[PDB]
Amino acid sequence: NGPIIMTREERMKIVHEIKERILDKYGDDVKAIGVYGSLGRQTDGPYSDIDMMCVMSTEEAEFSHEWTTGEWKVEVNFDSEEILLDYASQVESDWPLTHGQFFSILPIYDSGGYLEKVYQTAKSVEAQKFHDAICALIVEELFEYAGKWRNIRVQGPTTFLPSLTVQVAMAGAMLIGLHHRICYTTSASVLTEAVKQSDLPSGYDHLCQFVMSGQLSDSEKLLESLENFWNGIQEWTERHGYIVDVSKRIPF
(Lines of atoms letter the chains of each structure in order from A and count residues from 1; the text may use other names and numbers.)
(Lines give C-alpha, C1' and ligand atoms only; values in the text may rest on other atoms or scores of the structure.)
Protein backbone atom coordinates (compact mmCIF):
# COMPACT_ATOMS: atom_id res chain seq x y z
CA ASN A 1 0.00 0.00 0.00
CA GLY A 2 3.07 2.24 -0.38
CA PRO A 3 4.72 4.19 2.43
CA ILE A 4 2.62 4.61 5.57
CA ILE A 5 2.36 7.45 8.05
CA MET A 6 5.02 7.23 10.75
CA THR A 7 5.91 9.55 13.58
CA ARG A 8 9.38 10.82 14.37
CA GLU A 9 9.50 8.66 17.50
CA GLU A 10 8.73 5.47 15.52
CA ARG A 11 11.42 6.32 12.96
CA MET A 12 14.00 6.80 15.74
CA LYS A 13 12.98 3.50 17.33
CA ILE A 14 13.64 1.94 13.91
CA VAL A 15 16.95 3.77 13.74
CA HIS A 16 18.17 2.36 17.03
CA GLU A 17 17.08 -1.10 15.93
CA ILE A 18 19.24 -0.68 12.86
CA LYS A 19 22.07 0.69 15.01
CA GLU A 20 22.04 -2.40 17.21
CA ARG A 21 21.92 -4.72 14.22
CA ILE A 22 24.90 -2.95 12.63
CA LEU A 23 26.96 -3.12 15.79
CA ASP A 24 26.06 -6.79 16.32
CA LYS A 25 26.90 -7.69 12.73
CA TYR A 26 30.09 -5.66 12.16
CA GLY A 27 31.24 -4.98 15.75
CA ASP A 28 34.55 -3.18 16.11
CA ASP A 29 34.75 -2.42 12.42
CA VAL A 30 32.06 0.22 13.00
CA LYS A 31 33.66 3.59 13.68
CA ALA A 32 30.47 5.68 13.66
CA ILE A 33 26.77 5.68 12.81
CA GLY A 34 24.62 8.68 12.00
CA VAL A 35 21.24 9.65 10.67
CA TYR A 36 21.08 12.17 7.86
CA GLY A 37 18.32 13.49 5.62
CA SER A 38 15.20 15.01 7.16
CA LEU A 39 15.24 12.67 10.14
CA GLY A 40 18.76 13.91 10.84
CA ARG A 41 17.38 17.48 10.83
CA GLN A 42 14.41 16.48 12.99
CA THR A 43 12.15 17.72 10.13
CA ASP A 44 10.93 14.38 8.77
CA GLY A 45 7.31 14.35 7.67
CA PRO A 46 4.69 11.61 7.96
CA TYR A 47 5.84 9.74 4.85
CA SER A 48 9.59 10.38 5.11
CA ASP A 49 12.06 7.50 4.83
CA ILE A 50 15.18 6.85 6.94
CA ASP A 51 18.70 7.60 5.72
CA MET A 52 21.68 6.40 7.76
CA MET A 53 25.42 6.46 7.22
CA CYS A 54 28.09 4.20 8.71
CA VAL A 55 31.83 4.83 8.94
CA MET A 56 33.74 1.52 8.84
CA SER A 57 37.35 0.87 9.76
CA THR A 58 37.57 -1.68 6.96
CA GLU A 59 39.63 -0.13 4.19
CA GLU A 60 37.92 0.17 0.78
CA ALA A 61 34.52 -0.52 2.37
CA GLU A 62 31.75 0.77 0.08
CA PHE A 63 28.34 -0.84 0.28
CA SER A 64 24.72 -0.01 1.02
CA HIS A 65 21.62 -1.77 2.31
CA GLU A 66 18.43 -0.25 0.92
CA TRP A 67 15.07 -1.83 1.53
CA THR A 68 11.41 -1.38 2.31
CA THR A 69 9.16 -3.25 4.66
CA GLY A 70 6.29 -2.41 2.35
CA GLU A 71 5.38 0.34 4.84
CA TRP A 72 8.62 2.30 5.28
CA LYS A 73 11.97 2.51 3.53
CA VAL A 74 15.52 2.55 4.88
CA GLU A 75 18.89 3.19 3.29
CA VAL A 76 22.17 2.56 5.07
CA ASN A 77 25.51 3.50 3.51
CA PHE A 78 28.72 1.88 4.72
CA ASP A 79 31.97 3.63 3.78
CA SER A 80 35.55 3.59 5.00
CA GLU A 81 36.58 6.93 6.46
CA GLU A 82 38.76 7.68 3.44
CA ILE A 83 36.07 6.90 0.85
CA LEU A 84 33.51 8.91 2.80
CA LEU A 85 35.85 11.87 3.31
CA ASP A 86 36.92 11.93 -0.33
CA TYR A 87 33.27 11.90 -1.48
CA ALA A 88 32.44 14.73 0.98
CA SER A 89 35.19 16.92 -0.51
CA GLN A 90 34.18 16.32 -4.09
CA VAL A 91 31.97 18.87 -5.88
CA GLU A 92 29.77 17.64 -8.71
CA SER A 93 27.10 19.56 -10.64
CA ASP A 94 24.52 18.33 -8.13
CA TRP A 95 26.56 19.11 -4.97
CA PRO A 96 23.87 21.56 -3.67
CA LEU A 97 21.33 18.74 -3.89
CA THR A 98 23.46 15.93 -2.49
CA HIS A 99 25.90 17.24 0.04
CA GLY A 100 23.31 18.60 2.45
CA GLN A 101 23.59 15.15 4.00
CA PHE A 102 26.88 16.11 5.67
CA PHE A 103 25.31 19.21 7.24
CA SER A 104 22.46 17.27 8.85
CA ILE A 105 24.16 14.35 10.64
CA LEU A 106 22.50 13.26 13.87
CA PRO A 107 25.18 11.08 15.53
CA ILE A 108 23.92 7.81 17.00
CA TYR A 109 27.25 6.08 17.50
CA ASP A 110 30.70 7.60 17.34
CA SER A 111 33.96 6.21 18.67
CA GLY A 112 36.25 9.11 17.85
CA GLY A 113 34.57 12.19 16.44
CA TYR A 114 34.36 10.65 12.96
CA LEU A 115 31.01 12.30 12.12
CA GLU A 116 32.36 15.68 13.21
CA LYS A 117 35.38 15.09 10.98
CA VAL A 118 33.07 14.30 8.05
CA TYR A 119 31.12 17.50 8.71
CA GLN A 120 34.29 19.60 8.95
CA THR A 121 35.54 18.14 5.67
CA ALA A 122 32.28 18.88 3.89
CA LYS A 123 32.08 22.48 5.12
CA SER A 124 35.76 23.20 4.33
CA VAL A 125 35.76 22.35 0.62
CA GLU A 126 38.06 24.66 -1.30
CA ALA A 127 36.35 27.48 -3.16
CA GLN A 128 38.10 26.54 -6.41
CA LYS A 129 36.14 23.28 -6.58
CA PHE A 130 32.88 25.24 -6.70
CA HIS A 131 34.34 27.42 -9.46
CA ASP A 132 35.34 24.38 -11.52
CA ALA A 133 31.97 22.68 -10.94
CA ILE A 134 30.10 25.77 -12.09
CA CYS A 135 32.09 25.91 -15.33
CA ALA A 136 31.58 22.19 -15.82
CA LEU A 137 27.82 22.62 -15.21
CA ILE A 138 27.52 25.28 -17.93
CA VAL A 139 29.32 23.16 -20.52
CA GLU A 140 28.11 19.69 -19.64
CA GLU A 141 24.54 20.61 -18.68
CA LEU A 142 23.27 24.11 -19.58
CA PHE A 143 24.84 24.30 -23.05
CA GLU A 144 23.51 20.85 -23.85
CA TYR A 145 20.08 21.82 -22.59
CA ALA A 146 20.17 24.93 -24.78
CA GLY A 147 20.85 22.74 -27.80
CA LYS A 148 17.94 20.53 -26.80
CA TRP A 149 15.32 23.26 -26.66
CA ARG A 150 16.70 24.98 -29.77
CA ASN A 151 16.28 21.67 -31.55
CA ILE A 152 12.76 21.45 -30.16
CA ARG A 153 11.96 24.91 -31.55
CA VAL A 154 12.93 23.87 -35.09
CA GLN A 155 11.98 20.18 -35.13
CA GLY A 156 10.17 19.25 -31.88
CA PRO A 157 9.15 17.46 -29.89
CA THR A 158 7.33 19.99 -27.74
CA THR A 159 6.23 17.03 -25.60
CA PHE A 160 9.72 17.07 -24.13
CA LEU A 161 9.67 20.79 -23.39
CA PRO A 162 7.97 20.52 -19.95
CA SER A 163 10.48 17.90 -18.75
CA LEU A 164 13.45 19.83 -20.13
CA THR A 165 12.19 23.04 -18.50
CA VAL A 166 12.13 21.23 -15.16
CA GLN A 167 15.68 20.00 -15.68
CA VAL A 168 16.93 23.45 -16.67
CA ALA A 169 15.38 25.10 -13.61
CA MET A 170 17.01 22.45 -11.43
CA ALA A 171 20.38 22.94 -13.14
CA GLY A 172 19.99 26.67 -12.61
CA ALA A 173 19.33 25.97 -8.95
CA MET A 174 22.50 23.90 -8.73
CA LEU A 175 24.38 26.82 -10.33
CA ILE A 176 23.09 29.21 -7.69
CA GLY A 177 23.84 26.72 -4.91
CA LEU A 178 27.39 26.16 -6.16
CA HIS A 179 27.90 29.94 -6.35
CA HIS A 180 26.75 30.51 -2.74
CA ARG A 181 28.42 27.24 -1.64
CA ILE A 182 25.20 26.40 0.21
CA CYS A 183 23.41 23.07 0.09
CA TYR A 184 19.66 23.08 -0.28
CA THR A 185 17.74 21.76 2.73
CA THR A 186 15.78 19.09 0.83
CA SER A 187 14.95 18.23 -2.76
CA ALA A 188 11.38 19.54 -2.47
CA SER A 189 12.64 22.99 -1.41
CA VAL A 190 15.40 23.28 -4.04
CA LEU A 191 13.48 25.68 -6.31
CA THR A 192 11.73 27.62 -3.53
CA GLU A 193 15.10 28.24 -1.83
CA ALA A 194 16.88 28.98 -5.12
CA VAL A 195 14.63 31.92 -6.00
CA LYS A 196 15.11 33.52 -2.56
CA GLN A 197 18.88 33.57 -3.03
CA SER A 198 20.65 36.78 -3.91
CA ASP A 199 22.35 37.24 -7.24
CA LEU A 200 20.09 35.24 -9.53
CA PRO A 201 20.90 34.94 -13.22
CA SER A 202 18.65 37.14 -15.30
CA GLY A 203 15.49 35.25 -16.30
CA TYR A 204 15.93 32.47 -13.76
CA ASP A 205 13.07 33.40 -11.43
CA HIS A 206 10.64 33.83 -14.34
CA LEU A 207 11.52 30.35 -15.59
CA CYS A 208 11.08 28.88 -12.12
CA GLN A 209 7.55 30.21 -11.84
CA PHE A 210 6.58 27.94 -14.72
CA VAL A 211 8.11 24.91 -13.02
CA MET A 212 6.83 25.71 -9.52
CA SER A 213 3.32 26.49 -10.72
CA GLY A 214 3.15 23.64 -13.25
CA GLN A 215 2.02 25.96 -16.07
CA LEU A 216 4.21 24.21 -18.63
CA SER A 217 1.80 23.88 -21.54
CA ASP A 218 2.60 27.18 -23.34
CA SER A 219 5.64 25.93 -25.15
CA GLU A 220 6.35 29.24 -26.98
CA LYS A 221 6.57 31.07 -23.60
CA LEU A 222 8.77 28.37 -22.27
CA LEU A 223 11.21 28.56 -25.17
CA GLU A 224 11.40 32.31 -24.79
CA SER A 225 11.79 31.92 -21.03
CA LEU A 226 14.61 29.40 -21.59
CA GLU A 227 16.37 31.74 -24.04
CA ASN A 228 16.22 34.68 -21.64
CA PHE A 229 17.65 32.49 -18.89
CA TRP A 230 20.37 31.24 -21.21
CA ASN A 231 21.20 34.83 -22.19
CA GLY A 232 21.32 35.90 -18.55
CA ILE A 233 23.72 33.01 -17.87
CA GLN A 234 26.49 34.52 -19.99
CA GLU A 235 26.08 37.88 -18.27
CA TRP A 236 25.94 36.22 -14.84
CA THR A 237 29.07 34.08 -15.38
CA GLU A 238 31.05 37.04 -16.68
CA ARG A 239 29.91 39.07 -13.70
CA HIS A 240 31.01 36.35 -11.27
CA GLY A 241 34.20 35.27 -13.02
CA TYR A 242 32.97 31.78 -13.95
CA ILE A 243 34.56 32.07 -17.37
CA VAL A 244 34.44 28.98 -19.61
CA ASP A 245 37.32 28.08 -21.92
CA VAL A 246 36.19 28.31 -25.56
CA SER A 247 39.61 28.87 -27.15
CA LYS A 248 40.60 25.32 -28.20
CA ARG A 249 38.78 23.48 -30.98
CA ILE A 250 40.37 20.29 -29.58
CA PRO A 251 41.66 20.79 -26.02
CA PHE A 252 43.77 17.65 -25.89
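When you see a residue number, it is the position in the sequence shown, counting from 1.
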Practice prompt. Between 130-138 and 101-109, point out the one with the higher average CA B-factor as the PDB entry records it.
Written response: 101-109
Worksheet item: Do the C-alpha atoms of 166-174 or of 144-152 have the higher average B factor in the entry?
Response: 144-152
Worksheet item: At the C-alpha atoms, which of 94, 116, 75, 71 reaches the highest B-factor in this entry?
Response: 116
Practice prompt. Using the B-factor values recorded in the entry, state whether the Cα atom of residue 198 falls in the lowest, middle or highest third among the modelled residues of its chain.
Written response: highest
Discussion item. What third of the chain does residue 4 rank in for C-alpha temperature factor, lowest, middle or highest?
Written reply: lowest
Worksheet item: Lowest, middle or highest third: where is residue 56 by Cα B-factor in its chain?
Response: highest
Item to complete: Rank-wise, by C-alpha B-factor, drop residue 182 into the lowest, middle or highest third of its chain.
Response: middle
Fill in: residue 64, C-alpha B-factor rank within chain (lowest, middle or highest third)
lowest
